Amino acid sequence: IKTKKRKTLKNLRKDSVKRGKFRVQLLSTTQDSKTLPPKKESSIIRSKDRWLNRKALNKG
Amino acid sequence: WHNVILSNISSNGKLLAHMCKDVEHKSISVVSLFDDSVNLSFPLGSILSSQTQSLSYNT
Amino acid sequence: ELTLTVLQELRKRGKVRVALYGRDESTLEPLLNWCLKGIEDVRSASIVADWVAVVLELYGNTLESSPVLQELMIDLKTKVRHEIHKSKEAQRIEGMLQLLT
Amino acid sequence: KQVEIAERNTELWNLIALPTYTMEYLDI
Amino acid sequence: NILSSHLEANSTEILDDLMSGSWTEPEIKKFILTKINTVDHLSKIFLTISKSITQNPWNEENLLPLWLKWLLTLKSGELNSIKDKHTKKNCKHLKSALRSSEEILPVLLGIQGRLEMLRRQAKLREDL
Amino acid sequence: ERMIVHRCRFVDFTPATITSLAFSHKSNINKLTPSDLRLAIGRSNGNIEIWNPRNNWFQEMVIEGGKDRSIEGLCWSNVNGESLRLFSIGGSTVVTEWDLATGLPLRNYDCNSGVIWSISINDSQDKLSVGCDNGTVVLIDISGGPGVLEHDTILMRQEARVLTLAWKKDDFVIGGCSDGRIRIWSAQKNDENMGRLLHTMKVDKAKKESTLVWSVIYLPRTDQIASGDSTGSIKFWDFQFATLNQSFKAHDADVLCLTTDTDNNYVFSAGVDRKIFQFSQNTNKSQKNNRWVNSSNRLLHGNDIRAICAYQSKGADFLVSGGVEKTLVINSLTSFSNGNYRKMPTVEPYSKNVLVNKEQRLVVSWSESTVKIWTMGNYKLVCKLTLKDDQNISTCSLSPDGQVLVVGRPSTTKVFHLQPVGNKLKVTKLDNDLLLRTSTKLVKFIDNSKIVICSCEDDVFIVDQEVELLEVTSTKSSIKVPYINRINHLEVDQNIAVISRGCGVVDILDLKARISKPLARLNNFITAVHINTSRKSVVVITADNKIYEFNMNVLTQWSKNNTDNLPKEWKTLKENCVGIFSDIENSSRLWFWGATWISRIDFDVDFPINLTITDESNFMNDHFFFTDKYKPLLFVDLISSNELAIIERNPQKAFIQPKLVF
Amino acid sequence: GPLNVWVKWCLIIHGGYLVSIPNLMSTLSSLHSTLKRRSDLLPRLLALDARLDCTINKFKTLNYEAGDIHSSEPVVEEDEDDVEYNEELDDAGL
RNA sequence: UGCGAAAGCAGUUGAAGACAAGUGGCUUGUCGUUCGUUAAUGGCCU
């Protein structure tokens, strides 16, 4: 139960499972889509802060 | 100039600056000597920063 | 000799203390771990002596906190104990052939 | 015992932070 | 016990030489450290031990030099700051009384080498 | 007993890095400071604080965002005669416009191209540039009214992502990109070259890494573009002829943000090497020769500077800067190198995240989307609730007796029964769909069962139903800054509450008849409110650091002499008192606290006599004890008649600019 | 260490030959120079071990004033069963 | 500072005046003033 708690957490939380040739996506809620702006794209946020913490400027 | 602390003259010799010590503190005055083209003066506290008054005397 | 000459250049040139100011446990262990090896040799041991003396002068509280350089100071103590037995017995041999002049 | 006295004398010659929770008091 | 008697005597007002004698009576290393750890101020123990070690820098008793080296180990953040008018010439004459042993440690180690050579060749030539 | 003091450093509530500063009104040096000027601070965990620089920078409202939300740029928009409008990009494909009343997004306009890297607002503020990751610059028509945003025109594309934008006027739009170049597009509608990029300029590239142009501004007094890039160099470019006038090699690493004053006599600039450089053109010879000089340079920040902005009016001229270290820094604009500066506290808790309950000696504290509870003894963490069905947290309250916790955000709220099972707790949700549907700002527990709820849409319920609440006169500042007439505070114990809205209105309410009986009687923003059951009094403190008290069923004589017999500590105070309570052993002494001090005033005594917004501008209209030895302060409270709870903060790589060694 | 046992025995046994030799120092110069450079620095490492041993027994006695306290001081914990009662999605689940 | 050897051995550290800050005085501190005593993030070229 210690080695699969994150597995059963993610496998019960996540959606859009496969059905043969198909894939059954959930539509989201107006609750979240009208309470919050969407999440940041971690690719570009990691690009910007990884640039500002590149090795060529010797941080310490 | 009735009290001089420090002095310098420009490269062409056309004007000269010096210091005064006239009261709370010293003063700085520049004067053209071969003409009355310019002669100005001001207390050097307006030159100095606000940080220097709470720092050492070297500042 | 290169470690010795940069130690001697920092000693003559500026300040041992400037070279040692911003240090802590993880960044002093190279110095003391070399001073273990340098305390054996004659040519290094004066410089090793004053560098160890300065670092225990200005890091006497890190001595209390970190236990993993306390043991380095203890090993340095037994090293200087062996070396002082050697430097005493060399003076004894020096006297015992001064007797034979 | 002379080398012992001489060694000790020469030693004399060359011999010459916040925790996470406190409990203190102040004026009423 | 007798350490507490020496502590009370040296803490009251007086009897400092007799206090160091009573300290030399029981004379434990652990209690020697404890008597430095307990007291919060000294009545110029440094001054009286300074004059004692100045008048005898060559004594066979290790008591007052042991007391001085543990006092200097444990309390020298405060001996340099208790007093600096008579204490300056005190440490001066103590330092000049003690530097001569650093001057003559090589000749004593030389004579120790001499004597070990003599006694070992005399043990060697022992006539079969 | 004497006061025994629990100096707690358990809560590690840490804010996030300031990523965007903006001022609501533009500068206009020769006119008075408007009463509607707000600074907006977008952090990096996704919350937008809104501060008012009147009388040492109080914080009016906070708009929090949730898990994995950030905010990279934000711009104001105030067409003259209409409400303030606040747009902001995150790390995503949308722009988000917020209504300032509720503290929610009222619009998520998905921009129709890629991930937005920068945002800028047109001069005259009818259009909005978003510069995106796929090299696009998209124009968004803003002038349709507050809330409605239309797509206008995608400008002529390119390869590299456009990292910063600026406008010349209504006409041209300048953009610095991640290929080391600076493009100039024409956004002038009804021209032949509308949308196509007119010019391209290339900065001096780094030798051993790629160069990115990080900051671009237009300087209208001259006709230049100032630009800071990732080599540290700062370049000034003539706009016509599109070409460099002079380059300075100023910083040692990237220049993230740069700004200017009104008449463009100064350009201030800052970046990851954590110094703020000042480039001046104030001399008549400098103005007639178009020659900036590298005038000065200051080291004030600890880690970075990611945002810089400037305001300049008749009684206000300051540049504001913030970075990776979470604190704000105020300097003077025309007196940058000479004058003084003020480093704000990293948090001034105008909205609290910690409260204690005297029974069980326990304290709850909520950071982003988790609460934690520990008890005094030492101390022991007894329970925590990392509710991840949640995304964003807001205010919270515990029942007296410590039975039920209620957490509450602007979208929902949730109530949890608690049972101490020994060295742990057991926590169970108790379902109520009215609570699950309501928006909550404040919950404050009339009884062990009854709570009062202030909704984000100005509703005041009483659950476990409706307080009649009169309306306020809508003046010009209330229509301009659209949250001034919103209930900031409510304090209650034993069936008598009082609410407070920041126009200077503080209204009591009997929980029985649910009628107002207003006592507005105030002049500016109200920092805190506490009810004294002794004297039958309300105690308000405003942003000017004055303590008023009034009676209930106007100010008492103790207020009438206390206000102008107030101590010199209060008269030279810099941080506003965010919390008041009353002493527990005496029902009449009161004990209050700001973010850097702790004071206590005595109910009867009176003592004898003998870088701000400082103008004649109005407000938003048109034994005594003092200590500060617990100054990095977060929250204080009481437990019993002799002890005190002082929970504070305690502490990252940075560009090493070393102190001189000896 | 090991080899000067040989050099003290050579002097003791052959104590007549190398006192009858006319230039002792000139004939075994390398021994004189080696022992002079070995024993010349003896005051320096005397001062070194005085200063070193002082701080060593200083922290030793200060840490022996509380040497029993760090044997049961660590009472640290981790993400205990409050995390299980905390996971509200897993509280709706199980 | 003097005598010295590289060790050490003897001596200390006053007065006036002006100015600055704090609360006309009083306190403290300075001096591109006199008399007496042997006494500012700011680092190195192609």
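Going from the start of the chain as shown, residues are counted 1 onward.
Per the header: electron microscopy, 4.8 Å.
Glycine too: its Cβ is placed from the backbone N, Cα and C atoms.
Taken straight from Swiss-Prot:
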- F:7-12: repeat 'WD 1' (REPEAT)
- F:104-141: repeat 'WD 2' (REPEAT)
- F:150-186: repeat 'WD 3' (REPEAT)
- F:202-238: repeat 'WD 4' (REPEAT)
- F:243-280: repeat 'WD 5' (REPEAT)
- F:382-417: repeat 'WD 6' (REPEAT)
Helix-strand-coil residue split for the repeat 'WD 3' (F:150-186), DSSP-based: 0 helix, 23 strand, 14 coil
Lying 6 or more residues past either end of the repeat 'WD 1' (F:7-12) yet within Cβ distance under 8 Å of it, the residues of that chain are 353-354, 363, 365, 367, 374, 379, 630, 634-635, 645-650
Looking only at the repeat 'WD 1' (F:7-12), what are its DSSP counts of helix, strand and coil residues? 0 helix, 2 strand, 4 coil
Six or more residues out from either end of the repeat 'WD 4' (F:202-238), which same-chain residues have a Cβ under 8 Å from its Cβ atoms? 163-169, 174-182, 244-260, 263-265, 267, 269, 271, 273, 277, 279, 281, 290, 292
What counts of helix, strand and coil residues does DSSP assign across the repeat 'WD 6' (F:382-417)? 0 helix, 17 strand, 19 coil
